[PDB]
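Visitor: Once you've seen the sequence and the experimental structure below, I've got questions.
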Amino acid sequence: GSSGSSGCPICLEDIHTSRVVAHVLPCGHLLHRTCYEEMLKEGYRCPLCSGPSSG
Ligand SMILES: [Zn+2]
Ligand SMILES: [Zn+2]
C-alpha cells in the first residue's frame, strides 16, 4: 500500500538526501542518482505526473 505519493516511483523506497543525493525532477519529485539513470534508459518519464496517452 501507499498513502503518500512522495517517493522514488522506480525503486519505491523512502529517499534520504543525507544518505544519498536526490534528483529534483522539474515536476516536483525526488529520485535516486542511480534510478534516474535507469528510467532514462528504459524510456519512461516521471510515472507519477500523469501525462498524455503515452507513458
Ligand atoms: Zn530510487
Ligand atoms: Zn513528477
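Guide: That came in fine, so what should we check first? Numbers count the residues shown, from 1 in each chain. Ligands and ions are numbered 1, 2, ... in the order given.
Visitor: Can you show me the strands along the chain?
Guide: All strands of the chain, identified by DSSP state E, fall at 22-24, 30-32.
Visitor: what's the closest of those strands to ligand 1?
Guide: If you check each of the strands of the chain against ligand 1 by Cβ to the ion, strand 30-32 wins as the nearest, at 3.4 Å. Placement of C-beta: from N, CA and C, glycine included.
Visitor: Please enumerate the helices of this structure.
Guide: Applying DSSP state H to the chain gives helices spanning 35-42.
Visitor: Which positions in it make contact with ligand 2?
Guide: 27, 29, 46, 48-49 (Cβ under 5 Å from the ion).
Visitor: Which of those has the largest number of neighbours?
Guide: Most neighbours among those, by other Cβ atoms under 10 Å: residue 29, with 19 neighbours.
Visitor: Most tightly packed of the strands of the chain?
Guide: strand 30-32 (a mean of 20; mean count of other Cβ atoms under 10 Å).
Visitor: Parallel or antiparallel, list what pairs with that strand.
Guide: Strand pairing for strand 30-32, determined by DSSP bridges: strand 22-24 (antiparallel).
Visitor: is ligand 1 contacted by the strand it pairs with?
Guide: No: between strand 22-24 and ligand 1, judged by Cβ under 5 Å from the ion, nothing touches; the nearest distance is 9.1 Å.
Visitor: Against residue 11, how distant is the closest residue to residue 12 other than its chain neighbours?
Guide: Closest residue in space to residue 12, ignoring its immediate chain neighbours: residue 2 at 7.8 Å, by Cβ to Cβ, 6 or more residues apart in numbering. To residue 11, residue 2 is 13 Å away according to Cβ to Cβ, to the nearest Å.
Visitor: And for residue 4?
Guide: Taken as Cβ to Cβ, the span from residue 4 to residue 11 is 16 Å.
Visitor: who has more neighbours, these two?
Guide: residue 11 (13 against 6).
Visitor: Please name the nearest non-neighbouring residue to the more buried one.
Guide: Using Cβ to Cβ, 6+ apart, the closest residue to residue 11 is residue 35 (5.7 Å).
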